[PDB]
Amino acid sequence: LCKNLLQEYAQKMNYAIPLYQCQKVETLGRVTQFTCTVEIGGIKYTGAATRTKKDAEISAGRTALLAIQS
């Protein structure tokens, strides 16, 4: 839903399609965490670090969507 809304926004603004980027992060203490970010119109909205990639994804989606709807 968030990706579709962000895409429709980009189209209305004549901007490039939303760009989703994910990254897996490991610490020196062997702590696995996932982060993601969504670029809208060249403006990057980065989500919070989570335990799973799926949680990281929806986190980035929430951040980007809310920021656009802010």
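So how many residues does region 1-22 have that are of a type in the set (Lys, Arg) and either surrounded by 18 or more Cβ atoms within 10 Å (Cβ to Cβ) or touching a strand residue (DSSP E or B) at 6+ places or on another chain (Cβ under 8 Å) (or both)?
1
What number of residues in region 23-45 are part of a loop (DSSP other than H, G, I, E, B) and either closer than 21 Å to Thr63 by Cβ or aromatic (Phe, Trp, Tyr) (or both)?
2
When region 45-63 is examined, which residues are found to be basic (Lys, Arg) and over 8 Å from the mean Cα position of the chain (by Cα)?
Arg51, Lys53, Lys54
Can you find even one residue in region 54-61 that is exposed (fewer than 14 other Cβ atoms within 10 Å of the Cβ) and either farther than 13 Å from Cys2 by Cβ or charged (D, E, K, R) (or both)?
Yes; the residues of region 54-61 include at least one that is exposed (fewer than 14 other Cβ atoms within 10 Å of the Cβ) and either farther than 13 Å from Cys2 by Cβ or charged (D, E, K, R) (or both).
Considering region 23-48 alone, what residues qualify as being among the hydrophobic types (A, V, I, L, M, F, W, C) and loosely packed, with under 15 Cβ neighbours inside 10 Å?
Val25, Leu28, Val31, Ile43, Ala48
As a convention, Cβ positions derive from the backbone with ideal geometry for all residues, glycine included, and neighbour counts pool all protein chains shown. Since every read-out is calculated from the coordinates, none of them should be taken as a lab result.
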